[PDB]
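Engineer:
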Amino acid sequence: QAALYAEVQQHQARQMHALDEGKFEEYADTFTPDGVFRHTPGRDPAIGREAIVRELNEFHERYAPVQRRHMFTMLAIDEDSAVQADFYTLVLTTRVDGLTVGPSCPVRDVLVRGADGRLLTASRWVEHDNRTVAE
Amino acid sequence: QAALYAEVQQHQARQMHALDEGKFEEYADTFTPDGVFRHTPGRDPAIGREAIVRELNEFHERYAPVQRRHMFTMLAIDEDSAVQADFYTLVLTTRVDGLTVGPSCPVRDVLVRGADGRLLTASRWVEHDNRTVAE
Amino acid sequence: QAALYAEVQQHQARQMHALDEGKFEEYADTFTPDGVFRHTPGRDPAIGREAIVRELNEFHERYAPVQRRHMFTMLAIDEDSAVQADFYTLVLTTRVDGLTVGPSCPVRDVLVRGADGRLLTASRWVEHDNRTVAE
Ligand SMILES: CC1=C2C(=O)c3c(O)cccc3C=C2C[C@@H](CC(=O)O)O1
Ligand SMILES: CC1=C2C(=O)c3c(O)cccc3C=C2C[C@@H](CC(=O)O)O1
Ligand SMILES: CC1=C2C(=O)c3c(O)cccc3C=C2C[C@@H](CC(=O)O)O1
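Residue numbers (the deposited numbering), protein chains in the order written: chain A, 7 to 70, 73 to 87, 93 to 148; chain A', 7 to 70, 73 to 87, 93 to 148; chain A'', 7 to 70, 73 to 87, 93 to 148. A prime marks a further copy of an entry chain.
1. Just verifying my parser: in three-state terms, what is the DSSP assignment at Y11/A'?
2. Does the segment 114-134 of chain A come close enough to the segment 96-103 of chain A to have 3 or more Cβ pairs within less than 8 Å?
3. Check the C-beta distance from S117/A'' over to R108/A and give it rounded, since I have them as a contact under 8 Å.
4. Please report the Cβ distance between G54/A'' and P39/A'', rounded to the nearest whole angstrom; I am assuming they are in contact, meaning their Cβ atoms lie under 8 Å.
5. Whose CA, out of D129/A, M79/A and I85/A, lies closest to the CA of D26/A?
6. With a threshold of 7 Å, establish whether the CB of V120/A' neighbours any heavy atom of ligand 2.
7. So the candidates are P47/A, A84/A, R49/A and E32/A; which of them puts its Cα closest to the Cα of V59/A?
8. Determine the burial state of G41/A: buried for a count of at least 16 other Cβ atoms within 10 Å of its Cβ, exposed for fewer.
9. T81/A'' versus chain A: which residues are under 7 Å apart at the beta carbon?
10. Counting only Cβ pairs nearer than 8 Å, list the residues of chain A close to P116/A''.
11. Comparing the C-beta of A9/A' with each C-beta of chain A, is any distance below 8 Å?
12. Whose CA, out of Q21/A', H17/A', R20/A' and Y11/A', lies closest to the CA of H17/A''?
13. Return the bridge partner residues of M79/A'' from the DSSP annotation.
14. Give me the Cα-Cα distance between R131/A' and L62/A'', rounded to the nearest whole angstrom.
15. Distance cutoff 8 Å, beta carbons only. Does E13/A' sit that close to anything in chain A?
16. Would DSSP call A19/A' helix, strand or coil?
17. Excluding the 5 residues preceding and the 5 following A52/A' in the sequence, name in chain order all residues of the same chain whose CB lies nearer than 6 Å to its CB.
18. State the start and end residues of the unbroken beta strand (DSSP E) segment that holds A135/A''.
19. Per DSSP, what are the beta-bridge partners of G111/A in this structure?
20. Name the one or two DSSP bridge partners that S94/A'' has.
21. Report all residues from its chain with a CB closer than 7 Å to the CB of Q75/A'; omit the five preceding and five following residues, and keep chain order.
22. Would DSSP call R49/A'' helix, strand or coil?
23. Please tell me whether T102/A and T81/A' are closer than 8 Å, where the distance is taken between their beta carbons.
24. Run the CB neighbour count on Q7/A'', radius 10 Å, all protein chains shown included, and call it buried at 16 or more, exposed below.
25. From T113/A' to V139/A, what does the alpha carbon distance come to, in whole angstroms?
26. The alpha helix (DSSP H) that contains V146/A, what's its start and end?
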């Protein structure tokens, strides 16, 4: 179980390196072909890689000379073939005028193993602490 | 030693998921029955689960529509039955009006194994960088 | 490979505990004797332990009653004897007047194993998101 814990962290790190450098297709390829990505509460999830890549192009043309970073911490995993991962995300956004911190986001991932033994994300369910607090 | 490193991270993650969702009793149950929690310098530590749960109800009624998050990083462990954990904490607090970042806190934990093989926290000793800098 | 992942995190944690407490010599001793440290883009890297310790004394006398913290997240490792580590750094600086957050920094480390089996840093290559965004 220790080895899976490190494997999930490695997989999440690679995922986010690709996302934050704008490689939206590489990011979608770390999801399963039917992968669910609910990135913002209220909005319906993107489902499948094509919908994921499209929803990231929407979100990023919508607000774009910017460098975002997603910092994951506080990972807890739980278990036939699938694993649930609960963790914290902190979003950072660097502009020429400075660095905006937030939001803070609890996230639940579900991972499965592919045919080649590599992990893939079946689902990612993001909450937003700012939006949770309003309600 | 690698496997213990992941086990400490998993245990700390579960602890803080319970604390940050206000499940103060679940949090106290991850400490030993005689567990020491020195959460703020100057103040005497809460000792035992009941004192821990009481001191968290004091601290949180004292300042409460809020969502706090504790992000742990930079874990280093050292060693018969006990393990010392040194790490960094960053506190985040989300209000309707926004997100306050800080303080930054170096923390020392001492963990032991219970009868059932699960880890428990014998002690947690928190420093506050803001208060350290004044002195 | 899981065990190396935890070993790199442990090594990075110890390195930064020494740096952030101003133990610049201990920090330089976690690098190889010919270790490369490019801490800021544009400036030439410090090479060897003596140059590292000197460049940290320059940087810190240059701006110093302060407590800095370096939080590492998002580690991904890749491979005869050497390992590459890509990760995120977030810098925190606590003053009497408050806490400044940033910058956010992608970092690449190269680690090797010493004669005694302990890891050492052959190179550390820091980028600055704020400076990357200007260009
Ligand atoms: C694009 C985006 C997010 C993410 O993509 C995300 C993620 O991929 C993994 C883990 C967490 C997240 C969190 C977010 C937050 C949201 C960004 C925003 O509201 O500024 O919209
Ligand atoms: C309630 C509280 C803290 C914690 O409980 C804490 C912790 O449980 C584990 C690791 C670190 C911490 C740090 C703190 C800081 C302190 C909060 C504040 O001063 O706002 O008071
Ligand atoms: C002293 C310093 C840095 C570091 O030393 C550093 C590091 O040792 C490991 C990993 C990342 C870093 C990042 C920095 C950033 C830079 C600090 C600044 O510009 O304020 O100058």
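Where is the CB? At the ideal position from N, CA and C, for every residue including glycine.
Structural biologist: The structure says:
1. Here the question's residue 11/A' lines up with position 5 in the second sequence. The answer is helix: DSSP assigns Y11/A' an H, G or I state.
2. The segment 114-134 of chain A, when compared against the segment 96-103 of chain A, does touch it at the 8 Å Cβ threshold.
3. The residue given as residue 117/A'' occupies position 104 in the third sequence. The residue given as residue 108/A occupies position 95 in the first sequence. At roughly 11 Å, the Cβ-Cβ gap does not stay under 8 Å, so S117/A'' and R108/A are not in contact.
4. By 1-based counting over the third sequence, the position of residue 54/A'' is 48. By 1-based counting over the third sequence, the position of residue 39/A'' is 33. Between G54/A'' and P39/A'', the beta carbon gap of about 6 Å places them in contact (Cβ cut-off 8 Å).
5. Residue numbering aside, residue 26/A sits at position 20 when the first sequence is read from its first letter. With distances taken between Cα atoms, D26/A lies closest to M79/A.
6. Position 107 of the second sequence, counting from 1, holds the residue named residue 120/A'. With a cut-off of 7 Å, the C-beta of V120/A' is classified as near ligand 2, since at least one heavy atom of the ligand falls inside that distance.
7. The residue you call residue 59/A lines up with position 53 of the first sequence. Selected option, being the one with the closest Cα: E32/A.
8. For the purposes of this step, residue 41/A is identified with residue 35 of the first sequence, where counting begins at 1. The residue is buried, with at least 16 neighbouring Cβ atoms inside 10 Å.
9. Position 73 of the third sequence holds residue 81/A''. Neighbours of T81/A'' on chain A, chain order: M79, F80 and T81.
10. The residue labelled residue 116/A'' in the question sits at position 103 within the third sequence. Close to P116/A'', with beta-carbon spacing below 8 Å, are these residues of chain A in chain order: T107 and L112.
11. As a working mapping, residue 9/A' is identified with position 3 in the second sequence. Put simply, the CB of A9/A' is near chain A, with a gap under 8 Å to one of its CB atoms.
12. In the third sequence, residue 17/A'' corresponds to position 11, counting from 1. Closest option to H17/A'', Cα to Cα, is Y11/A'.
13. To locate residue 79/A'', count along the third sequence from 1; it is residue 71. According to DSSP, residue pairing for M79/A'' in a beta bridge involves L103/A''.
14. Here the question's residue 131/A' lines up with position 118 in the second sequence. Here the question's residue 62/A'' lines up with position 56 in the third sequence. For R131/A' and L62/A'', the distance between alpha carbons rounds to 42 Å.
15. Taking the first residue of the second sequence as 1, we reach residue 13/A' at position 7. For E13/A', the answer is yes, since a Cβ of chain A falls inside 8 Å of its Cβ.
16. On the second sequence, residue 19/A' is found 13 positions in, with the first residue counted as 1. Three-state result, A19/A': helix.
17. Here residue 52/A' corresponds to residue number 46 of the second sequence, with the count starting at 1. Take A52/A', set aside five residues on each side of it, and the residues of its chain with a beta-carbon closer than 6 Å to its own are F43, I58 and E61, in chain order.
18. On the third sequence, position 122 is the one that residue 135/A'' refers to. First-last of the beta strand (DSSP E) with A135/A'': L132 to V139.
19. As a first step, residue 111/A must be located in the first sequence, where it is residue number 98. The beta-bridge partner set that DSSP reports for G111/A consists of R108/A.
20. In the third sequence, residue 94/A'' corresponds to position 81, counting from 1. DSSP, once it has assigned bridges, lists no residue as partnering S94/A''.
21. Against the second sequence, residue 75/A' aligns to sequence position 67. The answer, listed in chain order, is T107.
22. For the purposes of this step, residue 49/A'' is identified with residue 43 of the third sequence, where counting begins at 1. Looking at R49/A'' - three-state DSSP - the assignment turns out to be coil, as it is neither helix nor strand.
23. Residue mapping note: residue 102/A aligns to position 89 of the first sequence, counting from 1. Residue mapping note: residue 81/A' aligns to position 73 of the second sequence, counting from 1. No, the pair does not count as a contact, with Cβ atoms beyond the cut-off.
24. What you label residue 7/A'' is simply residue 1 of the third sequence in a count that begins at 1. It counts as exposed.
25. The sequence position of residue 113/A' within the second sequence is 100, counting from 1. The sequence position of residue 139/A within the first sequence is 126, counting from 1. Distance from the CA atom of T113/A' to the CA atom of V139/A, rounded to whole angstroms, is 21 Å.
26. Numbered from 1 along the first sequence, position 133 holds the residue referred to as residue 146/A. Here the alpha helix (DSSP H) through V146/A covers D142 to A147.
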